[PDB]
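Undergrad:
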Amino acid sequence: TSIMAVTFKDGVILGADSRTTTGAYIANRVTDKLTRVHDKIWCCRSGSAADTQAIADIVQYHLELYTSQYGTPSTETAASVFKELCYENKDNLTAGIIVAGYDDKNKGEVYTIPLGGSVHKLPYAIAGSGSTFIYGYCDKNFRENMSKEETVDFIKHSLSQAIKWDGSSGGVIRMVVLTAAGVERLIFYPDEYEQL
Amino acid sequence: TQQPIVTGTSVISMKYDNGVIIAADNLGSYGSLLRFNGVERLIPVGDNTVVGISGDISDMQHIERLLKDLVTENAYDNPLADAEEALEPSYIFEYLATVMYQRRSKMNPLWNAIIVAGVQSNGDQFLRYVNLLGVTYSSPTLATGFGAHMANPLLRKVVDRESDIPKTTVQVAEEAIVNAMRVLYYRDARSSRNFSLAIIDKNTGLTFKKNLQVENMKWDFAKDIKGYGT
Amino acid sequence: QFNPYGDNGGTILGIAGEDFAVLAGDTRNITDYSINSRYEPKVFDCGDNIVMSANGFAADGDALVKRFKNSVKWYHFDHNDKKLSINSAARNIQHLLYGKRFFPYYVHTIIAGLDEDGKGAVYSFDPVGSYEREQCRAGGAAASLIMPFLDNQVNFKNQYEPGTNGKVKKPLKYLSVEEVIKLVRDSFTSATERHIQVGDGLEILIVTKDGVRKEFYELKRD
Amino acid sequence: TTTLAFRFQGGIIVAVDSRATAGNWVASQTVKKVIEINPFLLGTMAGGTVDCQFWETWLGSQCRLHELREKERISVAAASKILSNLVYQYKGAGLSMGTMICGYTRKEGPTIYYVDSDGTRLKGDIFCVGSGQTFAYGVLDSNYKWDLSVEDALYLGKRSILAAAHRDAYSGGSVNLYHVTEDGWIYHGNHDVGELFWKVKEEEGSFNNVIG
Amino acid sequence: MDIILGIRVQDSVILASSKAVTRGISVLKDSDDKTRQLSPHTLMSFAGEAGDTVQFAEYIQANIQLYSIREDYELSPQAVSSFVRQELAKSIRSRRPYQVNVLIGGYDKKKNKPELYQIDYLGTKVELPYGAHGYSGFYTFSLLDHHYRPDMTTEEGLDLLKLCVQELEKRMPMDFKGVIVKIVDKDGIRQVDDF
Amino acid sequence: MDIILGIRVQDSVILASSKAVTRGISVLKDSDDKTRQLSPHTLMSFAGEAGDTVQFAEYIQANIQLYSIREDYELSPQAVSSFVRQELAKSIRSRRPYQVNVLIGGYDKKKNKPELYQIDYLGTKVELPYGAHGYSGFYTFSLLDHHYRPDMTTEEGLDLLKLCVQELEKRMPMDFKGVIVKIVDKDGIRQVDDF
Amino acid sequence: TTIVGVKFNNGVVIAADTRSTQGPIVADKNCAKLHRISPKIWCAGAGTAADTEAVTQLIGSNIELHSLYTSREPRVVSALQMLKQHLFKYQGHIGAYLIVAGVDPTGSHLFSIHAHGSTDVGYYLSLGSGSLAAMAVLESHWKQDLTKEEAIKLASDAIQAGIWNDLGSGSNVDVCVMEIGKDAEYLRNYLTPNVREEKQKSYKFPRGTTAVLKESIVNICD
Amino acid sequence: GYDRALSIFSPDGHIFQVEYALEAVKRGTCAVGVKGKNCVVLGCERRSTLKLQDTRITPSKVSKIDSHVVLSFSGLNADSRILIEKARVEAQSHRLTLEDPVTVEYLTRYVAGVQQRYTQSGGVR
Amino acid sequence: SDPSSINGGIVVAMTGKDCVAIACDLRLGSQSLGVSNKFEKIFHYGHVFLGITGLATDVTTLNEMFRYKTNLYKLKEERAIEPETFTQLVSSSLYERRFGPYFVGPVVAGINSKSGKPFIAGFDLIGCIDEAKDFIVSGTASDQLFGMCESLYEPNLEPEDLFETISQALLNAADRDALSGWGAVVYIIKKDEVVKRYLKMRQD
Ligand SMILES: *[C@@](C)(CO)[C@](*)(O)[C@H](CC(C)C)NC(=O)[C@H](Cc1ccccc1)NC(=O)[C@H](CC(C)C)NC(=O)[C@H](CCc1ccccc1)NC(=O)CN1CCOCC1
Ligand SMILES: *[C@@](C)(CO)[C@](*)(O)[C@H](CC(C)C)NC(=O)[C@H](Cc1ccccc1)NC(=O)[C@H](CC(C)C)NC(=O)[C@H](CCc1ccccc1)NC(=O)CN1CCOCC1
Ligand SMILES: *[C@@](C)(CO)[C@](*)(O)[C@H](CC(C)C)NC(=O)[C@H](Cc1ccccc1)NC(=O)[C@H](CC(C)C)NC(=O)[C@H](CCc1ccccc1)NC(=O)CN1CCOCC1
Ligand SMILES: [Cl-]
Ligand SMILES: [Mg+2]
Ligand SMILES: [Mg+2]
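Residue numbers (the deposited numbering), protein chains in the order written: chain b, 1 to 196; chain M, 1 to 230; chain L, 1 to 222; chain K, 1 to 212; chain X, 1 to 195; chain J, 1 to 195; chain V, 1 to 222; chain C, 1 to 125; chain W, 1 to 204.
#1: Alpha carbon to alpha carbon, what distance is there between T97 (chain C) and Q78 (chain J)?
#2: Buried or exposed, going by whether 16 or more other CB atoms sit within 10 Å of the CB of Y30 (chain M)?
#3: Is the distance from the Cβ of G134 (chain M) to the Cβ of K202 (chain M) below 8 Å?
#4: Assuming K156 (chain b) contacts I134 (chain b) under a Cβ cut-off of 8 Å, what Cβ separation, rounded to an integer in Å, is found between them?
#5: Please report how far the alpha carbon of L87 (chain V) lies from the alpha carbon of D120 (chain V), in whole angstroms.
#6: Use the C-beta contact count for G199 (chain L): other C-beta atoms within 10 angstroms, 16 or more gives buried, fewer gives exposed.
#7: Grouping DSSP H, G and I as helix and E and B as strand, with all else coil, what is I183 (chain X)?
#8: Cβ-heavy atom distance between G162 (chain V) and ligand 3 below 7 Å?
#9: Quick one, are the C-beta atoms of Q53 (chain b) and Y91 (chain M) less than 8 Å apart?
#10: Under 8 Å between the Cβ atoms of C24 (chain W) and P159 (chain W)?
#11: State the Cα-Cα distance for the pair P162 (chain L) and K169 (chain L), rounded to the nearest angstrom.
#12: Does any C-beta atom of chain J lie closer than 8 Å to the C-beta of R88 (chain C)?
#13: Among V:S78, V:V55 and V:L110, which one has its Cα closest to the Cα of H66 (chain V)?
#14: For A86 (chain M) and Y88 (chain K), I'd like the C-alpha separation in whole angstroms.
#15: So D17 (chain b) packs on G182 (chain b), CB below 8 Å; how close in whole Å?
#16: In three-state terms, what does DSSP make of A141 (chain W)?
#17: Is it the case that the Cβ atoms of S171 (chain K) and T2 (chain K) are separated by a distance below 8 Å?
#18: Give the interface partners of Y148 (chain X) over in chain K, defined as CB-CB distance under 7 Å, in chain order.
#19: Once the 5 residues before and after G188 (chain X) are set aside, which same chain residues still bring their CB inside 7 Å of it?
#20: Below 9 Å on C-beta distance, what does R176 (chain W) contact in chain L?
#21: Taking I97 (chain b) as the query, report the chain M residues whose CB atoms sit under 9 Å from its CB, ordered along the chain.
#22: For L125 (chain V), does the three-state DSSP call read helix, strand or coil?
#23: Pick out every residue whose C-beta is nearer than 5 Å to a heavy atom of ligand 4: which are they, in chain order?
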C-alpha cells in the first residue's frame, strides 16, 4: 500500500493506490482502500486487508450507534474509536490507518494511527510501504491552506512516485474529497499519472 | 550458499513456423524496491541466438561475460567462425547447462533461470530452459517465474503441441507474447511496463526490439468498484 | 538456505519377457504444481542393446545417464569394442551411484536389455547404488500405484488355480510382447487417473535381438 | 531385516529373510542377503542395502587378492577385520551395516564374526542381526543345543527366521538357508513364507494366534 | 516398571510382572508387586511412567470395588476391560495423560472361561491368548507363537512362562530382579511364592 | 562396555572387567574380554564408545610391542601410562576423538612394586590404590574407602573385589553378565577362571 | 482447485473444476465444488475441503432462518458479512477460500472471501491453486457488457486453463448461472473433456481365483 | 625434492649402482646361516682390530624382528638399521590387521621389496 | 509418532450390479511389532456398514460412539438409519472435533432399503465426504489400493465376480505395505443377504 490524507482550505482529501498482494502476486489490482465510517468521516487502510476491514466495520457500527443517540460525531471521536481497537488489540493486529473527516466547526482534520495504536493529529499524513519513498518529496512540497486543485496535484504527484518505486503499490489512484459541498470520488489511471 | 539481491522477473518465449520469439522486461528489483529501470535481460550471442535470463543480476552480468568470452574463444584459430563453425544455440545452451549444474554441485549456484532461444544451422527451431539447480527441459512454449504460471497458459492456447508449430505465423506468435507481457504487468508486483522483445527467424534472421511498452490496457472498470462489500 | 535438490515427477516401468524387454516412461516433466514440458523423454538408448532411465530429480538423472553413456564409450575403447553385457552395466552403474554416497544422485534408476543367454533382463537401482535383477519393476512418483498391479498380473501373486482349494498356485509363464504392452498401457492410464504428476504422453522402448524399437501413445493432459 | 547364524556340532547354519523396505513401503521380497565370498566364506547383510552390498562385494575382492599374494585362503578373522577396519575409517560418516562373516578354515575351524558400522567386531557362537533379531533370538535360544543334527539345525534356523518374518513388519518374503561344513558352504534352497508358514503351522501345530 | 507378561491357558490366566523399581543408577527395590486385584476373579498388572501407574491402578480398583458393593455383583472381565479402556481413551486427550499400560487377566464365572486383555496407554484394547507390554514382547511373542497351544494346563503354562523369563534374563539389557507370578482361575486369585 | 575396576594391593594389581556387550535391546555377547596385554607385566582394561575401544587398545598394544622388540626391554608401567595419556591428550583435540577410558595395571620389576593408573578419554592420569570408570565408581569408591588396607594380600584383594561386584549386581540397573578378573604381579599376568 | 466468477448483462456466473487431491493423489475425480447457500446465492470453494463444506452449510442454514424471520429473500452481502466475520474470528485456521455470487432484490453480486476474513469486489475473480492460469485467461478476454452465453464461455475457458495447466485442477467443468428475474440453473458436468479411454484388457478373474478360509451368512435383520 | 636417477642401466645391460652395492656387502663381516632338522642357527664374524670395545652396549649383529624371526646381515651397518626398523614396524602391522604373526617368507618378501624399490626410485641409492 | 500410522491397517469398498462389497485387513501392531491378528476394522449398524482405519483407540471409540448414536436414532425414528443419512452423521461427528480430531479414515458402505441403490462413501479425519460410483480406499496402503482398484475395477460386476476383484485389490495392496496384512475379511452385501468371507493371505 501507498496511502495519504491532506488537509486544505476547503476541507480534506484522502488518496490511495489500488493494489492488493499475496507475496509478489497481485490478488486485486482495482482495490478500494478509501472507506466510509461516516457521511463525512473516511479512512485510508494499510496493512492486513482482513484486520483493517474488520476494524473499519466495527468503527462504522460504533459511529452509527453514536449518531442514533448523540448526533454527528467529531473526527477526533472517530479516531479515538480506531485507537481503542488498535491499541487494546495491538498483539493481534497489523493495521496502519489514517482517519480523515470534515466538520463545519473544525474544518478538515487528519489523524494517523500506526501499528502500536498511538494517535497523531497532523496537517497531512502518509502511510503504507510506499510512503517511505515520498517523505522527502511531501515535506518539501506540502503547504498549508492549499486549494482543491493544488491538493489534488500534490496527492497525484506524491502517490505517482510512491507507486513508481514501491512494488507493493500500483494500479489506479483513487481519491475522496471531503468538503462542505459534499463527498466527491476521483479516479486517475496509469496512462495519466505514470508520465508525470 | 547464496541469497539473491538485485533480481529480474519473468522471461517468456515460444516457437512459431519459421523461428522463435523471446521477451523480458527491463527491471532490476531490489526486494520490493523497483531500483533499476534500464536493465537489458536479453543478450544476443551471434546473429542466431538470444539468451534470456531471470534471477540475480550480478550473476546475470557474470554470465554475460562468459558468453562474450565464448564468442572470442570460438573465433581463435577458426577461419569458419562466421560460417560452418559459428556458435550454434545448442552449443551455447549445453555450455551454460554444464556450468549451472557444476555450480549447484559445489553448493554455490548462479541464482538464475535461463532460456536459450535460437535457430540452428539446418533451420530447426531451438528453445530450451535451464536454472540454478541445473534442471533442463524443452517445450513449444517456455517461461520463468510468474511467466510459468500466467504466460504459458496463454501461449499454449496458440501452440498446444508440436503439430501446431507450422500452423503458427510470426504475426500470431508476437501478438500472443505482447499480450502475455501485458497480463504480467497487471498481476506481477515485481514487473515493469517497459520491455524488450527478440525474434530469431530462419529467413529474416535476428530482430531485436528495444524500449517496447505495454499498451491497450483495461483500467476503466475500476471507477465502478466501491468499498469491499457494503 | 539453498536446496540443491528438486522433484521433477514422472514415473517409469520395466518388464522382461522370454526373448525381449520393455522400458516405459511418461513424457511429462513438472515442478511443484506447474508443467514444464508435455514431451521431455527420460528413457534412452545407451548402446549395446541397453536402455536406461533415471527418474526423480532430472538434473541428477541427466547427469547419470550422460556418465553411463560415456562409460559405455570408454568400455569399447579400452577393451577392443567388446559388447557391454547387461550384468556388467548394472555393476558399473552401482559404482557410479555409490561414488556419490555422501551427496547422492536423487533418482530411481532402471535399465533393461537381454542377458548373455538372450533372455530378457531388467535391473533396478536405489539412489545410492543397491541393485537387483527382476522380471518386473515400476519406479518414480506412481511406483506405489503400479507395482502391486504388476505383482498380480506379471508374477501372478495371490492368484490360485480355480477349484484347487487355494492349494495349487497359478503357474508362472512368460508373456508375449503384445500382452506386455497391454499391461504397460493400462498401468500408465491408471496411474494418470490417480496421480497428478503423471500424464501427457507414454513412450515405450522395446528391446529384442534385432535392436531397439519405439512406440508412443497419448495420455490425458489434465 | 532378520539374519542369523549359529555354530554347532556339525558346522555353521546361516539363515536370512529376503525383504527390503523404504519406510513402510515394501520395495522387494526377493533380495539376496547372503553374499558368497568364496567356497568357504559367507557374509550376511543387514542395514543399508547398498552399504552392505557394495562393501561386502569389495571385501570379496580383497580376499581374492590375499590368496593371490599369500597362496593361501584368508582366515575368517582376517577377512572380518578388513571389513571392520574399513568401516571404522568411515565412522561418523553415516554408514549403516550389521554383518556376519561366517566360514571354515583348518587353523580356526567353524568361525562366526559379528561386524557393524560403528566398528564393533565380536567372535561368537550365536548372533542375530537386524530389526527382527529379537524375535529370532527368542525361538533360537529356547531350542538351541550344541548336539543338534544337521537336519534339526537347518530347520531351527529356518523356523527362527519364520518367527521373525511373522512378527516383525520389516521382515519377510522368503528364507534363504546355508550350511557351512569343513568342505565348504552348501545352499539349502529358497523358502517362500507364503507357503512355508501354513506348511509349518499344519505340521508343527504352532502359530495358534493366527486364524487357521 | 518394565516387564509385564500374560498367558491364557485352558482353565486359567497367568500374569508375570517384574520386581525391580529403578530410578537413575540405583535399583531402589527388588520386591515390588506391579498388580492390583480389581475383583475376586479379576487381576490387573501395570507398567509405565512413575507415579501414574499406581495412581491409575488404585483409581480403577476403587471404582470396580464401588460397583461390586452397589450391585452386590462381580463385573465380567470383559466389562472391566471396557471400563478401563474408556478411562485411558479419555485420558489421552487430557491436559496431562496417564502414561500407563496394563494387562487384565480374569475368569468369567458365567462363561467358565479365562480371559486376557491387553490395553496400552492410548486406550487400545485387544483380547489375546498371550500378551506383553514394552520391549518384552519383542522376545516373548515369537517364543510363544512356537510353543503355545490353546489346550494347555496351568502347570504347562507356568513352564512356558519360565521359558519366557529365562529368555528375557539372557537377552534383556537391564536387571529386572525376577518376577512375581499370579494365577487367576475359577477359585480366584493366588500367588506362586517360589519362582 | 561399562564396568571396569582395579585394585592395587601389597604385591599385585587386580583388574575386573564386565563381560556383557549390549547393543539396543539385545545382549549380543556375555563372554567379552575388555582387556589387552601390552607387555608381560602390563595389562590395560578399557571401556567407552563402540569400535573406538578395541581400535585404541590394539593400537597401543602394537606400539608397546614394537618398543619391546626394538630395545629388547620392557617399558615400566609408569612409562606406558604416560605414553597412553599423551595419545589420548592428542586425541581430544582431533577431528574425531577416541572416546575410550582405560585402567593400566602393571608390576614394576625394577622397583618390585605394583602400580595402578586411571586414565580417562580427555587424557587425565592419576595413580591410585583403587580405581574405576563410569558409574561403577559411584558405588565402589565409598566401599573401598571403608574396607581397603594398603598391606592386603592378593587373596584379600579378591574378596574385597567380590564385595564390589556383589554391590554392583544389587544396585546397578543393567545386567553386565559378571566379570573377568586378571592378576598382575612379579610372575606376570594370569586369569582367574572361577569368579 | 480452480474456481472463477464472472459478471454479465443481467446477472452473474460461477464455475469450478472437479478434482479433489490428497497430496499428489487424486482422491475424487468428479467432486462438486459449487455449493448452494440459498436458492439464488451460490458459492465456489477452494482450500481445505471439509472447511469449505462446513462453513458454507452453517451460513446457508443461518441464511435460511434469517430469510424466514424477515420474510425476505436473502441478500449476497448478508452471506458475505456472516462468512467473513466467522472466518476472521478463527484467524485463518478455518482454511476456506470462497467465491460468493448471486442475485437478490438489490441486484446481482460477485465477491471473494479469504480464510483470514478479507473480502474483495469485482467483475471477474479467480481463487485456488489454478487461479493464476484462470486469471491469465480472464485478463486477456474479459470485457464490459458481456452477454449470458459469452460469460459462460469465458468462465469455462478460465476453468479449462486451470484444468490443463495446473496439476491441482482437472477432470470436468461445473457451472452455475444466476440471472436476474429467473431461477438459477446449476449445470453439473457442463463440460467433460477428460473421459477415460477404453482399457486394453478386461481384468475379470475366473471364479475361484481367490483362496478362501471361511464362509458365513451375516445377520442384518432383528 | 632431489630427483636424480642414480640407479640406471649401462650399455652392457648392468645397473652399476646395484652391483657396487654388492661390493659393499663383500667388504662386510662374514655372516652364515645353517638350518637343521628342528632349528636354525645364525653365525656372525666380528673383526678383532677393535679392542677396548664395550660388548654390553655395542649393537649386536643379529637382530630380532619379532619374537619368532631374526635377521642378520653383511655390508653397511648404518643401512641395515633402516631395513630392520621397517621390518619391525611391518611385523607389528601384520599382527594388527591379519591377527597373526608374519611368516618368514612374508617378512623376507617385504624386506626384499624395500631393497628393490631403492633400485628404481629417483634421488636414492 | 504419526498417529495414523502407529497401528496400521486398510479398508476398501466397491460397488457392483445391485450389490456392494467392503473389505479390511486384520493386523493391529505397535510400529514394527505385530500384536494382534484378530483386529477387525469393519462394523455395522443395521444394514449400514462402517470401516475405520487409523489410530486403533479412535477406531474403537468411534465404533462405540456410532453404535450409541444409531441406537438412539432407531428408537426415536422407529426405523433403521440409511447409508446416505449415516454418512452425514459421521461427517458431523468428525467435524465437531475439528481442532482436536480423531485420527481415522472411515468408509461407509450399504444398500438403501427404499430405493435399492448401492452406496459407498469415504472421509478424511475431520469429516470431508468423498462419494464415489466405483470405489473408496483408506489406510496405510491407500496409494497401493488406489492403483489396484483403478486398474482392476469395472462397472456392474455380479456379486461373485465383485468378490474376486475386491479381494485381489486388498491382498496385493497389503503385501506391498509393512503395516498392513496378517489376514483379511470381505463382506459381500446384497439387498437382503450378506456373506462374510475370511481370505487366506501371506502372514508376514
Ligand atoms: C500495501 C500492499 C502494503 O502496505 C497495503 O498495505 C495493502 C493494504 C490494503 C489491501 C488494505 N496490504 C495488503 O495488500 C496485504 C499485505 C499484507 C500481507 C500480509 C500481512 C500484512 C499485509 N495483503 C493481504 O492482506 C492479503 C490479501 C489477500 C490476498 C486477499 N492477504 C495475505 O497475503 C494473507 C494474509 C495472512 C495474514 C498474515 C499476517 C496477518 C494477517 C493476515 N497471507 C496469505 O495468504 C499467506 N500466503 C500463503 C501462500 O504463501 C504466500 C503467502
Ligand atoms: C530389513 C528388511 C529392514 O531393516 C533389513 O535391514 C534390510 C537389509 C537388506 C535390504 C540388505 N534393510 C533395508 O531394506 C533398508 C532399510 C534401510 C533403509 C534406509 C536406511 C537404512 C536402512 N532399505 C534400504 O536400504 C532401501 C533399499 C531399497 C528400497 C532397494 N533403500 C533406501 O531406503 C534408499 C537409500 C537409503 C539411503 C541410505 C543412505 C543415504 C541415502 C539414502 N532410499 C530410497 O530409495 C529413497 N526413497 C525410495 C522411495 O521413494 C522415495 C525415495
Ligand atoms: C484444489 C484441488 C487444490 O487447492 C482445491 O482447492 C480443492 C478444494 C475442493 C476439493 C473443496 N482442495 C482439496 O482437494 C484439498 C487440498 C488440500 C489438502 C490439504 C490442506 C488443504 C487443501 N484436499 C482436501 O482438503 C482433502 C479432502 C479429501 C480428498 C477428502 N483432505 C485432506 O487431504 C486432509 C486434510 C485435512 C486437514 C486437516 C487439518 C488441517 C488441514 C487439512 N488430509 C488427509 O486426509 C491426510 N491424512 C490421511 C491419513 O489420515 C490423516 C490425514
Ligand atoms: Cl481490501
Ligand atoms: Mg492439470
Ligand atoms: Mg513381517
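Think of the CB as a built atom: it goes at the ideal place given N, C-alpha and C, for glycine as much as any other residue.
TA: In this structure, then:
#1: If I take the Cα positions, the gap works out to 28 Å.
#2: So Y30 (chain M) ends up on the exposed side.
#3: Contact flag unset, no.
#4: In fact, because the Cβ distance is near 12 Å, the residues do not count as touching under 8 Å.
#5: Using only the alpha carbons, I get a separation of about 14 Å.
#6: Buried, by the Cβ-count rule.
#7: If DSSP states are grouped into helix, strand and coil, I183 (chain X) belongs with the strands.
#8: The closest heavy atom of ligand 3 lies 7 Å or more from the beta carbon of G162 (chain V).
#9: Using a Cβ distance threshold of 8 Å, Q53 (chain b) and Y91 (chain M) do not count as a contacting pair.
#10: Going by C-beta atoms, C24 (chain W) is not nearer than 8 Å to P159 (chain W).
#11: Roughly 9 Å separates the two Cα atoms.
#12: Yes - at least one Cβ of chain J is within 8 Å of the one on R88 (chain C).
#13: Relative to the Cα of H66 (chain V), the nearest Cα in the group V:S78, V:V55 and V:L110 belongs to V:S78.
#14: Approximately 55 Å between the Cα atoms of the pair.
#15: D17 (chain b) to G182 (chain b), Cβ: 24 Å. No contact.
#16: If DSSP states are grouped into helix, strand and coil, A141 (chain W) belongs with coil.
#17: Against a cut-off of 8 Å, the Cβ pair of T2 (chain K) and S171 (chain K) comes out as a contact.
#18: At a C-beta separation below 7 Å, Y148 (chain X) has these neighbours in chain K: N208.
#19: Cβ within range, chain order: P40 and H41.
#20: Within chain L, the residues whose beta carbon sits less than 9 Å from that of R176 (chain W) are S144, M147, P148 and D151, listed in sequence order.
#21: None at all; the shortest Cβ gap to chain M is about 14 Å.
#22: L125 (chain V) falls in the strand class under three-state DSSP.
#23: Every residue with a CB closer than 5 Å to a heavy atom of ligand 4 is listed here in chain order: b:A49 and M:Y228.
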